[PDB]
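*Asks:* Just so it is clear, I am handing over coords39.cif, which has mmCIF, C-alpha atoms.
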data_start
loop_
_atom_site.group_PDB
_atom_site.id
_atom_site.type_symbol
_atom_site.label_atom_id
_atom_site.label_comp_id
_atom_site.auth_asym_id
_atom_site.auth_seq_id
_atom_site.Cartn_x
_atom_site.Cartn_y
_atom_site.Cartn_z
ATOM 1 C CA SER A 1 -20.340 -29.624 -1.418
ATOM 2 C CA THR A 2 -18.233 -28.026 1.292
ATOM 3 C CA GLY A 3 -15.374 -28.998 3.594
ATOM 4 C CA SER A 4 -14.155 -27.669 6.937
ATOM 5 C CA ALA A 5 -10.961 -28.676 8.727
ATOM 6 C CA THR A 6 -9.124 -27.402 11.764
ATOM 7 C CA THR A 7 -5.556 -26.210 11.282
ATOM 8 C CA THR A 8 -3.153 -26.295 14.242
ATOM 9 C CA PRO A 9 0.222 -24.578 14.851
ATOM 10 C CA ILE A 10 3.130 -27.055 14.843
ATOM 11 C CA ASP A 11 4.896 -25.334 17.736
ATOM 12 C CA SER A 12 4.753 -22.475 20.242
ATOM 13 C CA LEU A 13 5.899 -19.921 17.630
ATOM 14 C CA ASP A 14 3.312 -20.703 14.933
ATOM 15 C CA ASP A 15 6.182 -21.643 12.597
ATOM 16 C CA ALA A 16 3.645 -23.424 10.405
ATOM 17 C CA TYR A 17 0.194 -24.997 10.590
ATOM 18 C CA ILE A 18 -0.914 -28.593 9.988
ATOM 19 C CA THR A 19 -4.305 -29.809 8.832
ATOM 20 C CA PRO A 20 -5.419 -33.465 8.837
ATOM 21 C CA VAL A 21 -6.028 -34.943 5.382
ATOM 22 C CA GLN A 22 -7.484 -38.355 4.547
ATOM 23 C CA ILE A 23 -5.755 -40.154 1.675
ATOM 24 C CA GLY A 24 -6.655 -43.538 0.196
ATOM 25 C CA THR A 25 -8.991 -46.384 1.055
ATOM 26 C CA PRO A 26 -9.152 -47.176 3.918
ATOM 27 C CA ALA A 27 -8.235 -43.645 4.921
ATOM 28 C CA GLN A 28 -4.671 -42.850 5.836
ATOM 29 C CA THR A 29 -4.633 -39.577 7.772
ATOM 30 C CA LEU A 30 -1.602 -37.340 7.260
ATOM 31 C CA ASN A 31 -1.080 -33.866 8.721
ATOM 32 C CA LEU A 32 -0.269 -31.560 5.816
ATOM 33 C CA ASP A 33 0.967 -27.977 5.566
ATOM 34 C CA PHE A 34 -1.626 -26.128 3.465
ATOM 35 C CA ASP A 35 0.423 -23.803 1.278
ATOM 36 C CA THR A 36 -1.224 -21.059 -0.820
ATOM 37 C CA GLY A 37 2.250 -20.313 -2.218
ATOM 38 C CA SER A 38 2.721 -23.630 -4.039
ATOM 39 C CA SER A 39 0.709 -26.103 -6.072
ATOM 40 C CA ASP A 40 1.920 -29.650 -5.295
ATOM 41 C CA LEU A 41 0.246 -32.064 -2.883
ATOM 42 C CA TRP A 42 3.161 -34.205 -1.744
ATOM 43 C CA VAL A 43 3.565 -36.624 1.128
ATOM 44 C CA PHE A 44 6.120 -38.604 3.057
ATOM 45 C CA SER A 45 5.543 -42.179 1.934
ATOM 46 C CA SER A 46 6.683 -45.795 1.921
ATOM 47 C CA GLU A 47 8.964 -44.722 -0.950
ATOM 48 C CA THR A 48 10.773 -41.973 0.996
ATOM 49 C CA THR A 49 14.479 -42.671 1.593
ATOM 50 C CA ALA A 50 14.469 -44.241 5.056
ATOM 51 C CA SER A 51 17.252 -42.039 6.456
ATOM 52 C CA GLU A 52 15.199 -38.953 5.508
ATOM 53 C CA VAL A 53 12.169 -39.972 7.569
ATOM 54 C CA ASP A 54 12.218 -39.043 11.272
ATOM 55 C CA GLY A 55 8.825 -39.382 12.922
ATOM 56 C CA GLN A 56 6.494 -38.411 10.065
ATOM 57 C CA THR A 57 3.415 -40.429 9.254
ATOM 58 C CA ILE A 58 3.798 -41.966 5.791
ATOM 59 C CA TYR A 59 1.373 -42.659 2.991
ATOM 60 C CA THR A 60 1.612 -46.251 1.787
ATOM 61 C CA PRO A 61 -0.059 -46.528 -1.604
ATOM 62 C CA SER A 62 0.141 -50.340 -1.669
ATOM 63 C CA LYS A 63 -2.289 -50.369 1.274
ATOM 64 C CA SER A 64 -4.850 -48.227 -0.571
ATOM 65 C CA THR A 65 -7.356 -49.996 -2.812
ATOM 66 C CA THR A 66 -7.965 -46.742 -4.710
ATOM 67 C CA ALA A 67 -4.299 -45.818 -5.352
ATOM 68 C CA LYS A 68 -3.012 -45.987 -8.918
ATOM 69 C CA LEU A 69 0.499 -45.242 -10.148
ATOM 70 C CA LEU A 70 0.417 -42.300 -12.539
ATOM 71 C CA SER A 71 2.761 -44.009 -14.938
ATOM 72 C CA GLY A 72 5.842 -42.055 -15.971
ATOM 73 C CA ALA A 73 5.053 -38.993 -13.863
ATOM 74 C CA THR A 74 7.710 -37.422 -11.646
ATOM 75 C CA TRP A 75 7.910 -34.243 -9.607
ATOM 76 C CA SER A 76 10.580 -32.065 -8.069
ATOM 77 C CA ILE A 77 10.125 -28.829 -6.162
ATOM 78 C CA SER A 78 12.307 -26.199 -4.529
ATOM 79 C CA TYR A 79 10.816 -23.688 -2.097
ATOM 80 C CA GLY A 80 11.786 -20.132 -1.229
ATOM 81 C CA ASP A 81 13.536 -21.168 1.985
ATOM 82 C CA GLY A 82 15.841 -23.503 0.059
ATOM 83 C CA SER A 83 14.108 -26.757 1.007
ATOM 84 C CA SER A 84 13.142 -29.316 -1.611
ATOM 85 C CA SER A 85 11.569 -32.673 -2.332
ATOM 86 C CA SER A 86 10.954 -34.973 -5.280
ATOM 87 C CA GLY A 87 9.496 -38.313 -6.274
ATOM 88 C CA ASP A 88 6.832 -40.085 -8.305
ATOM 89 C CA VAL A 89 3.042 -39.790 -8.435
ATOM 90 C CA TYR A 90 -0.118 -41.746 -7.594
ATOM 91 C CA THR A 91 -3.734 -40.785 -8.003
ATOM 92 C CA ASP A 92 -5.986 -41.539 -5.041
ATOM 93 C CA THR A 93 -9.016 -40.292 -3.129
ATOM 94 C CA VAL A 94 -8.265 -37.294 -0.901
ATOM 95 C CA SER A 95 -10.642 -35.768 1.611
ATOM 96 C CA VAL A 96 -10.299 -32.572 3.607
ATOM 97 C CA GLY A 97 -12.797 -31.799 6.327
ATOM 98 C CA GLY A 98 -15.475 -33.951 4.694
ATOM 99 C CA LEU A 99 -14.884 -32.742 1.114
ATOM 100 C CA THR A 100 -13.716 -35.546 -1.188
ATOM 101 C CA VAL A 101 -11.800 -35.465 -4.462
ATOM 102 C CA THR A 102 -11.337 -38.671 -6.414
ATOM 103 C CA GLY A 103 -8.365 -39.013 -8.762
ATOM 104 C CA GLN A 104 -6.268 -36.431 -6.946
ATOM 105 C CA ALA A 105 -2.550 -36.407 -7.798
ATOM 106 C CA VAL A 106 -0.724 -37.478 -4.643
ATOM 107 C CA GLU A 107 2.964 -36.870 -5.091
ATOM 108 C CA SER A 108 4.990 -39.477 -3.240
ATOM 109 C CA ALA A 109 8.368 -38.299 -1.983
ATOM 110 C CA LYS A 110 11.433 -40.392 -2.726
ATOM 111 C CA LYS A 111 13.712 -37.640 -1.406
ATOM 112 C CA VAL A 112 13.217 -34.718 0.990
ATOM 113 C CA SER A 113 15.701 -32.082 2.177
ATOM 114 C CA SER A 114 16.895 -31.853 5.755
ATOM 115 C CA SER A 115 14.387 -29.212 6.875
ATOM 116 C CA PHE A 116 11.521 -31.575 6.058
ATOM 117 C CA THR A 117 13.176 -34.548 7.761
ATOM 118 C CA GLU A 118 13.780 -32.452 10.869
ATOM 119 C CA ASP A 119 10.154 -31.396 11.128
ATOM 120 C CA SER A 120 8.474 -34.516 12.458
ATOM 121 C CA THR A 121 5.084 -32.778 12.651
ATOM 122 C CA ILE A 122 4.680 -32.096 8.904
ATOM 123 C CA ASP A 123 3.786 -35.164 6.831
ATOM 124 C CA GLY A 124 3.713 -33.223 3.551
ATOM 125 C CA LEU A 125 2.307 -30.162 1.791
ATOM 126 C CA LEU A 126 -1.036 -29.425 0.156
ATOM 127 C CA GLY A 127 -0.603 -26.698 -2.423
ATOM 128 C CA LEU A 128 -3.348 -24.129 -2.938
ATOM 129 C CA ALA A 129 -1.724 -21.699 -5.393
ATOM 130 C CA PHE A 130 -2.695 -21.899 -9.073
ATOM 131 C CA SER A 131 -2.211 -25.204 -10.873
ATOM 132 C CA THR A 132 0.128 -23.596 -13.420
ATOM 133 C CA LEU A 133 2.872 -23.893 -10.753
ATOM 134 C CA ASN A 134 2.417 -27.643 -10.295
ATOM 135 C CA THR A 135 5.710 -29.436 -10.923
ATOM 136 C CA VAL A 136 4.510 -32.810 -12.182
ATOM 137 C CA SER A 137 6.110 -33.821 -15.473
ATOM 138 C CA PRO A 138 5.327 -34.618 -18.264
ATOM 139 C CA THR A 139 1.648 -34.038 -17.454
ATOM 140 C CA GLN A 140 1.015 -31.148 -15.083
ATOM 141 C CA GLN A 141 -1.527 -31.943 -12.366
ATOM 142 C CA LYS A 142 -4.287 -29.908 -10.685
ATOM 143 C CA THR A 143 -4.432 -28.826 -7.061
ATOM 144 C CA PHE A 144 -6.970 -30.215 -4.617
ATOM 145 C CA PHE A 145 -8.897 -26.923 -4.832
ATOM 146 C CA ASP A 146 -8.939 -26.898 -8.615
ATOM 147 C CA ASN A 147 -10.221 -30.485 -8.690
ATOM 148 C CA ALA A 148 -12.879 -29.749 -6.043
ATOM 149 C CA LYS A 149 -13.968 -26.411 -7.467
ATOM 150 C CA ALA A 150 -16.820 -27.459 -9.726
ATOM 151 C CA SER A 151 -18.423 -29.480 -6.924
ATOM 152 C CA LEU A 152 -18.173 -26.698 -4.335
ATOM 153 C CA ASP A 153 -21.213 -24.635 -3.352
ATOM 154 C CA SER A 154 -19.079 -21.560 -4.119
ATOM 155 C CA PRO A 155 -15.625 -21.619 -5.795
ATOM 156 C CA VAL A 156 -13.754 -20.371 -2.711
ATOM 157 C CA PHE A 157 -11.662 -21.464 0.206
ATOM 158 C CA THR A 158 -10.924 -19.463 3.342
ATOM 159 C CA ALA A 159 -7.991 -19.341 5.730
ATOM 160 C CA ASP A 160 -8.620 -18.436 9.356
ATOM 161 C CA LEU A 161 -5.281 -18.991 11.064
ATOM 162 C CA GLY A 162 -4.931 -18.667 14.815
ATOM 163 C CA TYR A 163 -2.360 -16.819 16.900
ATOM 164 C CA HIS A 164 -0.924 -19.492 19.198
ATOM 165 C CA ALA A 165 -4.235 -21.325 18.708
ATOM 166 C CA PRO A 166 -6.042 -23.526 16.227
ATOM 167 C CA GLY A 167 -7.940 -22.113 13.258
ATOM 168 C CA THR A 168 -9.883 -23.264 10.229
ATOM 169 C CA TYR A 169 -9.665 -23.920 6.492
ATOM 170 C CA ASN A 170 -13.097 -23.958 4.831
ATOM 171 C CA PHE A 171 -13.854 -25.011 1.263
ATOM 172 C CA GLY A 172 -16.902 -23.934 -0.664
ATOM 173 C CA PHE A 173 -18.470 -21.441 1.742
ATOM 174 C CA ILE A 174 -17.841 -18.277 3.708
ATOM 175 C CA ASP A 175 -18.541 -18.636 7.427
ATOM 176 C CA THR A 176 -20.133 -15.283 8.236
ATOM 177 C CA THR A 177 -19.689 -15.927 11.984
ATOM 178 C CA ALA A 178 -15.905 -16.171 11.662
ATOM 179 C CA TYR A 179 -15.142 -12.471 11.070
ATOM 180 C CA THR A 180 -16.221 -9.018 12.170
ATOM 181 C CA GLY A 181 -17.407 -6.171 9.963
ATOM 182 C CA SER A 182 -17.303 -6.672 6.202
ATOM 183 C CA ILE A 183 -14.927 -8.468 3.838
ATOM 184 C CA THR A 184 -12.947 -6.205 1.512
ATOM 185 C CA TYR A 185 -12.081 -7.777 -1.806
ATOM 186 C CA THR A 186 -9.077 -6.857 -3.903
ATOM 187 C CA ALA A 187 -7.793 -7.824 -7.366
ATOM 188 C CA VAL A 188 -5.506 -10.803 -7.943
ATOM 189 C CA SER A 189 -2.947 -11.338 -10.690
ATOM 190 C CA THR A 190 -2.378 -15.001 -11.535
ATOM 191 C CA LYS A 191 0.505 -14.138 -13.886
ATOM 192 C CA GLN A 192 3.138 -15.699 -11.584
ATOM 193 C CA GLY A 193 0.836 -18.501 -10.391
ATOM 194 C CA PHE A 194 0.338 -16.962 -6.944
ATOM 195 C CA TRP A 195 -2.463 -15.226 -5.079
ATOM 196 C CA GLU A 196 -0.747 -11.941 -5.915
ATOM 197 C CA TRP A 197 -2.370 -8.670 -4.905
ATOM 198 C CA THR A 198 -1.507 -5.064 -4.095
ATOM 199 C CA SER A 199 -1.779 -3.656 -0.596
ATOM 200 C CA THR A 200 -2.654 0.035 -0.404
ATOM 201 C CA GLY A 201 -0.142 0.907 2.320
ATOM 202 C CA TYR A 202 0.865 0.563 5.954
ATOM 203 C CA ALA A 203 1.151 2.097 9.384
ATOM 204 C CA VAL A 204 3.484 1.392 12.304
ATOM 205 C CA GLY A 205 1.855 1.364 15.719
ATOM 206 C CA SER A 206 -0.330 4.419 16.203
ATOM 207 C CA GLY A 207 1.484 6.243 13.401
ATOM 208 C CA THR A 208 -0.118 7.786 10.355
ATOM 209 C CA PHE A 209 -1.021 5.547 7.437
ATOM 210 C CA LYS A 210 1.329 5.721 4.464
ATOM 211 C CA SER A 211 -0.482 5.293 1.152
ATOM 212 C CA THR A 212 1.756 3.246 -1.101
ATOM 213 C CA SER A 213 1.241 0.245 -3.365
ATOM 214 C CA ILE A 214 2.866 -2.960 -2.161
ATOM 215 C CA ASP A 215 2.565 -5.909 -4.535
ATOM 216 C CA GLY A 216 2.853 -9.263 -2.785
ATOM 217 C CA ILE A 217 1.476 -12.775 -2.364
ATOM 218 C CA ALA A 218 -0.876 -14.249 0.195
ATOM 219 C CA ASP A 219 1.166 -17.267 1.296
ATOM 220 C CA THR A 220 0.000 -19.513 4.133
ATOM 221 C CA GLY A 221 3.161 -21.609 3.696
ATOM 222 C CA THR A 222 5.495 -18.770 4.673
ATOM 223 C CA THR A 223 5.837 -18.020 8.379
ATOM 224 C CA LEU A 224 6.753 -14.335 8.378
ATOM 225 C CA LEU A 225 5.801 -11.059 6.709
ATOM 226 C CA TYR A 226 8.371 -10.026 4.071
ATOM 227 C CA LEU A 227 8.076 -6.429 2.847
ATOM 228 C CA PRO A 228 10.265 -3.830 1.101
ATOM 229 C CA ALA A 229 13.336 -2.686 3.018
ATOM 230 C CA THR A 230 11.967 0.844 3.369
ATOM 231 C CA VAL A 231 8.800 -0.417 5.101
ATOM 232 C CA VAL A 232 10.676 -2.826 7.347
ATOM 233 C CA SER A 233 13.220 -0.197 8.382
ATOM 234 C CA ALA A 234 10.373 2.157 9.322
ATOM 235 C CA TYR A 235 8.856 -0.563 11.515
ATOM 236 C CA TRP A 236 12.000 -1.610 13.383
ATOM 237 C CA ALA A 237 13.100 1.998 13.884
ATOM 238 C CA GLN A 238 10.241 2.172 16.420
ATOM 239 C CA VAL A 239 11.746 -0.615 18.559
ATOM 240 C CA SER A 240 14.601 0.465 20.822
ATOM 241 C CA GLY A 241 17.654 -1.675 20.208
ATOM 242 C CA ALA A 242 16.334 -3.399 17.101
ATOM 243 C CA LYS A 243 18.852 -4.008 14.332
ATOM 244 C CA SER A 244 19.424 -6.032 11.220
ATOM 245 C CA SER A 245 21.905 -8.830 11.881
ATOM 246 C CA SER A 246 23.679 -10.455 8.946
ATOM 247 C CA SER A 247 24.916 -13.182 11.316
ATOM 248 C CA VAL A 248 21.393 -14.076 12.435
ATOM 249 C CA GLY A 249 19.790 -13.461 9.032
ATOM 250 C CA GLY A 250 17.437 -10.571 9.650
ATOM 251 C CA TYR A 251 16.048 -8.092 12.126
ATOM 252 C CA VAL A 252 16.403 -8.920 15.793
ATOM 253 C CA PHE A 253 15.242 -6.990 18.822
ATOM 254 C CA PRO A 254 15.671 -7.054 22.587
ATOM 255 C CA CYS A 255 13.400 -9.679 24.106
ATOM 256 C CA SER A 256 12.495 -7.055 26.745
ATOM 257 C CA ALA A 257 10.739 -4.914 24.103
ATOM 258 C CA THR A 258 7.060 -4.283 23.654
ATOM 259 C CA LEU A 259 6.497 -4.416 19.907
ATOM 260 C CA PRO A 260 4.233 -1.952 18.092
ATOM 261 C CA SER A 261 1.435 -3.187 15.882
ATOM 262 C CA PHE A 262 1.668 -3.116 12.082
ATOM 263 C CA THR A 263 -1.254 -2.192 9.875
ATOM 264 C CA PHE A 264 -1.589 -3.081 6.184
ATOM 265 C CA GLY A 265 -4.144 -1.698 3.722
ATOM 266 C CA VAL A 266 -6.662 -3.692 1.720
ATOM 267 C CA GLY A 267 -8.343 -1.138 -0.491
ATOM 268 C CA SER A 268 -9.769 1.432 1.922
ATOM 269 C CA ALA A 269 -9.814 -1.175 4.719
ATOM 270 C CA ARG A 270 -7.097 -1.847 7.289
ATOM 271 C CA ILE A 271 -5.849 -5.050 8.930
ATOM 272 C CA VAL A 272 -4.000 -4.603 12.221
ATOM 273 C CA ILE A 273 -1.308 -7.106 13.188
ATOM 274 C CA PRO A 274 -0.833 -6.897 16.972
ATOM 275 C CA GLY A 275 2.748 -6.419 18.162
ATOM 276 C CA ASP A 276 2.792 -9.806 19.862
ATOM 277 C CA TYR A 277 2.274 -11.546 16.482
ATOM 278 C CA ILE A 278 5.629 -10.102 15.386
ATOM 279 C CA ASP A 279 7.604 -11.768 18.218
ATOM 280 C CA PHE A 280 9.325 -15.000 17.152
ATOM 281 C CA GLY A 281 11.216 -15.436 20.366
ATOM 282 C CA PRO A 282 14.861 -15.969 21.264
ATOM 283 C CA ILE A 283 17.215 -16.475 18.337
ATOM 284 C CA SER A 284 18.718 -19.422 20.233
ATOM 285 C CA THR A 285 17.587 -21.056 23.444
ATOM 286 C CA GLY A 286 18.120 -18.715 26.394
ATOM 287 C CA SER A 287 19.138 -15.695 24.308
ATOM 288 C CA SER A 288 17.859 -12.191 25.112
ATOM 289 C CA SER A 289 17.924 -11.346 21.400
ATOM 290 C CA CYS A 290 14.558 -12.104 19.778
ATOM 291 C CA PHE A 291 13.772 -12.693 16.111
ATOM 292 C CA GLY A 292 11.431 -10.324 14.297
ATOM 293 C CA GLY A 293 8.338 -11.412 12.425
ATOM 294 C CA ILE A 294 8.583 -8.643 9.844
ATOM 295 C CA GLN A 295 11.623 -8.994 7.613
ATOM 296 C CA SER A 296 12.933 -7.485 4.392
ATOM 297 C CA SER A 297 11.942 -9.044 1.060
ATOM 298 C CA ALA A 298 15.018 -7.557 -0.607
ATOM 299 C CA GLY A 299 16.706 -10.376 -2.475
ATOM 300 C CA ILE A 300 13.610 -12.625 -2.335
ATOM 301 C CA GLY A 301 12.268 -10.872 -5.399
ATOM 302 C CA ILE A 302 8.694 -10.764 -4.086
ATOM 303 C CA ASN A 303 6.847 -9.414 -1.053
ATOM 304 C CA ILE A 304 5.184 -12.151 1.005
ATOM 305 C CA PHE A 305 2.137 -11.765 3.200
ATOM 306 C CA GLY A 306 2.852 -14.872 5.252
ATOM 307 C CA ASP A 307 1.245 -16.236 8.388
ATOM 308 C CA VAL A 308 2.181 -13.206 10.517
ATOM 309 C CA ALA A 309 -0.100 -11.083 8.342
ATOM 310 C CA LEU A 310 -2.723 -13.634 7.364
ATOM 311 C CA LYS A 311 -3.428 -14.838 10.896
ATOM 312 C CA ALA A 312 -4.583 -11.290 11.748
ATOM 313 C CA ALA A 313 -7.445 -11.669 9.238
ATOM 314 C CA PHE A 314 -10.148 -13.882 7.872
ATOM 315 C CA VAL A 315 -8.944 -14.431 4.298
ATOM 316 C CA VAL A 316 -11.054 -15.429 1.296
ATOM 317 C CA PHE A 317 -9.335 -17.070 -1.652
ATOM 318 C CA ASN A 318 -11.930 -16.551 -4.363
ATOM 319 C CA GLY A 319 -11.297 -18.927 -7.272
ATOM 320 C CA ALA A 320 -14.092 -17.647 -9.501
ATOM 321 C CA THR A 321 -13.337 -17.127 -13.194
ATOM 322 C CA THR A 322 -11.724 -13.818 -12.219
ATOM 323 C CA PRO A 323 -10.022 -14.635 -8.937
ATOM 324 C CA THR A 324 -9.915 -12.171 -6.050
ATOM 325 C CA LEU A 325 -8.774 -12.050 -2.415
ATOM 326 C CA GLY A 326 -10.924 -10.905 0.494
ATOM 327 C CA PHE A 327 -9.778 -9.764 3.925
ATOM 328 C CA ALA A 328 -11.839 -9.135 7.051
ATOM 329 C CA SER A 329 -10.892 -8.359 10.624
ATOM 330 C CA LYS A 330 -11.813 -10.997 13.200
#
Write out the structure in this file as structure tokens.

*Replies:*
Amino acid sequence: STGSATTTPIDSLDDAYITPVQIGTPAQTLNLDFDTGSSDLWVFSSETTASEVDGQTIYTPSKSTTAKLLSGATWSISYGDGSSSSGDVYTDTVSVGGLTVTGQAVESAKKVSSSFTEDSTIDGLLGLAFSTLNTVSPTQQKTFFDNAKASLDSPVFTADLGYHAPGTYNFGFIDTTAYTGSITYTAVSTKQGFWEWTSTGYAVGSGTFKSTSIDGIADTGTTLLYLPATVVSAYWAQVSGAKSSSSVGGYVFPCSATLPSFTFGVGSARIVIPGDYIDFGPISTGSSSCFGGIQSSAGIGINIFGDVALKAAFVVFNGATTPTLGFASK
């Protein structure tokens, strides 16, 4: 089998991407944030504290003939940005882009933190990291991908995120029309439960490439590109007036700037992030200070190849017995 679904930016900045997902019988369609940095499929629901729901579409398990309470199971998750959610668990039929999994763990939120409430466009998350990070207790549950894997034509999914435009998540096949040149594959460590890999270096604008190993994760659920302070300083030093602002919470730059591109290495290959992808706009409405899309990972404890980087590439998440990551230009 295969599946193919369109993923759409939630706003004009590409702060995140939503993908329609069918849950239950008859189908209830929720727009979920596909997150290769976590491993829980959780949804706003009829059980979510009413004051914490503001415009989201909810899953109502009592209206699904295929929903079953997973008795005794609870979940609770905290993300890197400090947001969180928790609740209980149902199993139900879940379909993405025509690909169906029966008996999928659907984690029903009883509580969500303010950032989730305030984002009316995101009805939940669909985790695509390794199932060892799943938070369901006392019986850990599998991700949608893990459950689908054995039925897929090939044990892969791909992320093709757009810049200010829709893109595609495919399951079970590589669309050879969706990228240019060849795909370069690189080793993955699953030790921390992430799609963790090592970039071979970087360049700033038309500058020379610096060969250096940068360990990090491919994370569709993180907006920006978080890299070591040395790398980030070298980037922003090429933008007149750019500075790190403790009050704002990272690098900012004059909105009048033209940003240089940023290149990252994948083996001997190179992915170029255009300068425009690095512009996240005014820090506050009407400001002439703009927020940068490349930020320091210092104090995160991990480098994160988030949407800023991934949307510059066609990305293969290869879930074969020895997982790997592939990157192509597009």

*Asks:* May I have the residues at most 9 Å from (-2.7, 2.1, -6.2) in the file's coordinates, counting only C-alpha atoms, as a PyMOL selection string?

*Replies:* chain A and resi 198-201+211-214+267

*Asks:* Those selected residues, please, written with C-alpha atoms and delivered as an mmCIF file, keeping the file's coordinate frame.

*Replies:*
data_model
loop_
_atom_site.group_PDB
_atom_site.id
_atom_site.type_symbol
_atom_site.label_atom_id
_atom_site.label_comp_id
_atom_site.auth_asym_id
_atom_site.auth_seq_id
_atom_site.Cartn_x
_atom_site.Cartn_y
_atom_site.Cartn_z
ATOM 1 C CA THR A 198 -1.507 -5.064 -4.095
ATOM 2 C CA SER A 199 -1.779 -3.656 -0.596
ATOM 3 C CA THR A 200 -2.654 0.035 -0.404
ATOM 4 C CA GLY A 201 -0.142 0.907 2.320
ATOM 5 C CA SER A 211 -0.482 5.293 1.152
ATOM 6 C CA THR A 212 1.756 3.246 -1.101
ATOM 7 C CA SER A 213 1.241 0.245 -3.365
ATOM 8 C CA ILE A 214 2.866 -2.960 -2.161
ATOM 9 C CA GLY A 267 -8.343 -1.138 -0.491
#

*Asks:* Which residues are near segment 291-302 of chain A? Cut-off 10 Å, all atoms listed in the file, ignore same chain within fewer than 3 positions. Put them as a ChimeraX atom specification.

*Replies:* /A:80-81,196,214-217,223-233,235-236,242-245,248-255,259,262,275-284,288,305-309

*Asks:* Restricted to C-alpha atoms, what would the selected residues look like written as a PDB file, keeping the file's coordinate frame?

*Replies:*
ATOM      1  CA  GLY A  80      11.786 -20.132  -1.229  1.00  0.00           C
ATOM      2  CA  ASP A  81      13.536 -21.168   1.985  1.00  0.00           C
ATOM      3  CA  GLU A 196      -0.747 -11.941  -5.915  1.00  0.00           C
ATOM      4  CA  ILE A 214       2.866  -2.960  -2.161  1.00  0.00           C
ATOM      5  CA  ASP A 215       2.565  -5.909  -4.535  1.00  0.00           C
ATOM      6  CA  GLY A 216       2.853  -9.263  -2.785  1.00  0.00           C
ATOM      7  CA  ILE A 217       1.476 -12.775  -2.364  1.00  0.00           C
ATOM      8  CA  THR A 223       5.837 -18.020   8.379  1.00  0.00           C
ATOM      9  CA  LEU A 224       6.753 -14.335   8.378  1.00  0.00           C
ATOM     10  CA  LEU A 225       5.801 -11.059   6.709  1.00  0.00           C
ATOM     11  CA  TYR A 226       8.371 -10.026   4.071  1.00  0.00           C
ATOM     12  CA  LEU A 227       8.076  -6.429   2.847  1.00  0.00           C
ATOM     13  CA  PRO A 228      10.265  -3.830   1.101  1.00  0.00           C
ATOM     14  CA  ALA A 229      13.336  -2.686   3.018  1.00  0.00           C
ATOM     15  CA  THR A 230      11.967   0.844   3.369  1.00  0.00           C
ATOM     16  CA  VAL A 231       8.800  -0.417   5.101  1.00  0.00           C
ATOM     17  CA  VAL A 232      10.676  -2.826   7.347  1.00  0.00           C
ATOM     18  CA  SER A 233      13.220  -0.197   8.382  1.00  0.00           C
ATOM     19  CA  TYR A 235       8.856  -0.563  11.515  1.00  0.00           C
ATOM     20  CA  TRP A 236      12.000  -1.610  13.383  1.00  0.00           C
ATOM     21  CA  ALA A 242      16.334  -3.399  17.101  1.00  0.00           C
ATOM     22  CA  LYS A 243      18.852  -4.008  14.332  1.00  0.00           C
ATOM     23  CA  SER A 244      19.424  -6.032  11.220  1.00  0.00           C
ATOM     24  CA  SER A 245      21.905  -8.830  11.881  1.00  0.00           C
ATOM     25  CA  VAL A 248      21.393 -14.076  12.435  1.00  0.00           C
ATOM     26  CA  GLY A 249      19.790 -13.461   9.032  1.00  0.00           C
ATOM     27  CA  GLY A 250      17.437 -10.571   9.650  1.00  0.00           C
ATOM     28  CA  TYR A 251      16.048  -8.092  12.126  1.00  0.00           C
ATOM     29  CA  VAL A 252      16.403  -8.920  15.793  1.00  0.00           C
ATOM     30  CA  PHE A 253      15.242  -6.990  18.822  1.00  0.00           C
ATOM     31  CA  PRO A 254      15.671  -7.054  22.587  1.00  0.00           C
ATOM     32  CA  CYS A 255      13.400  -9.679  24.106  1.00  0.00           C
ATOM     33  CA  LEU A 259       6.497  -4.416  19.907  1.00  0.00           C
ATOM     34  CA  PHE A 262       1.668  -3.116  12.082  1.00  0.00           C
ATOM     35  CA  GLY A 275       2.748  -6.419  18.162  1.00  0.00           C
ATOM     36  CA  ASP A 276       2.792  -9.806  19.862  1.00  0.00           C
ATOM     37  CA  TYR A 277       2.274 -11.546  16.482  1.00  0.00           C
ATOM     38  CA  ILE A 278       5.629 -10.102  15.386  1.00  0.00           C
ATOM     39  CA  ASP A 279       7.604 -11.768  18.218  1.00  0.00           C
ATOM     40  CA  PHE A 280       9.325 -15.000  17.152  1.00  0.00           C
ATOM     41  CA  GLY A 281      11.216 -15.436  20.366  1.00  0.00           C
ATOM     42  CA  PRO A 282      14.861 -15.969  21.264  1.00  0.00           C
ATOM     43  CA  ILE A 283      17.215 -16.475  18.337  1.00  0.00           C
ATOM     44  CA  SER A 284      18.718 -19.422  20.233  1.00  0.00           C
ATOM     45  CA  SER A 288      17.859 -12.191  25.112  1.00  0.00           C
ATOM     46  CA  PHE A 305       2.137 -11.765   3.200  1.00  0.00           C
ATOM     47  CA  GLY A 306       2.852 -14.872   5.252  1.00  0.00           C
ATOM     48  CA  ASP A 307       1.245 -16.236   8.388  1.00  0.00           C
ATOM     49  CA  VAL A 308       2.181 -13.206  10.517  1.00  0.00           C
ATOM     50  CA  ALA A 309      -0.100 -11.083   8.342  1.00  0.00           C
TER      51      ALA A 309
END

*Asks:* Which is closer to residue 32 of chain A than all the others in A:122, A:150, A:5, A:101, using all atoms listed in the file?

*Replies:*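 Among the listed residues, the smallest separation from residue 32 of chain A belongs to A:122.
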
*Asks:* Show me, as number ranges by chain, the residues that have an atom within 8 Å of residue 105 of chain A when counting all atoms listed in the file, minus same-chain residues fewer than 3 positions from it.

*Replies:* A: 41, 89-92, 141-143

*Asks:* Check the smallest atom-to-atom distance from each of A:128, A:266, A:203, A:315 to residue 148 of chain A using all atoms listed in the file, then report the winner.

*Replies:*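 Among the listed residues, A:128 lies closest to residue 148 of chain A.
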
*Asks:* Give the answer as one residue: which of A:138, A:20, A:127, A:166 has the shortest atom-to-atom distance to residue 96 of chain A, using only C-alpha atoms?

*Replies:* A:20
